[PDB]
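Student: Mapping the sequence shown onto my numbering, position 3 (from 1) lands on 3, and the numbers just tick up by one. All C-beta atoms, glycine included, are put in the ideal place defined by N, C-alpha and C.
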Amino acid sequence: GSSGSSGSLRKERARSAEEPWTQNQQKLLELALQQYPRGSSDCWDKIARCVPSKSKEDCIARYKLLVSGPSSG
Numbered sequence: 001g002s003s004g005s006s007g008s009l010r011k012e013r014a015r016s017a018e019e020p021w022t023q024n025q026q027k028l029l030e031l032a033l034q035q036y037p038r039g040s041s042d043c044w045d046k047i048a049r050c051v052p053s054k055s056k057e058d059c060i061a062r063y064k065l066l067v068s069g070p071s072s073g
């Protein structure tokens, strides 16, 4: 765009802001989503516990995709 310094942020692997989910994390979460269903902000706070890699906030940001995806049977 226009020659500017301050503004929005650009994606970059280096930053590693939104790291991927390993077979483990993806699992620890799923299994959790079952034990700690929707409810109070605390409900999730617990889900993040089973995930020593991702945090509560991340757990919720991942759920959207988990529920926003097709699944046969």
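Three or more beta-carbon pairs under 8 angstroms between the segment 1-11 and the segment 26-40, yes or no?
Tutor: These segments do not touch.
Student: Using the beta-carbon count (16 or more within 10 Å), is residue 33 buried or exposed?
Tutor: buried
Student: Extract the residue ranges of the alpha helix (DSSP H) inside the segment 5-64, only unbroken runs of 4 or more that lie entirely within it.
Tutor: 23-35 and 41-47
Student: Please go through the same chain and pick out, in chain order, the residues whose beta-carbon is closer than 7 angstroms to the beta-carbon of residue 18, but skip the five residues on each side of it.
Tutor: none
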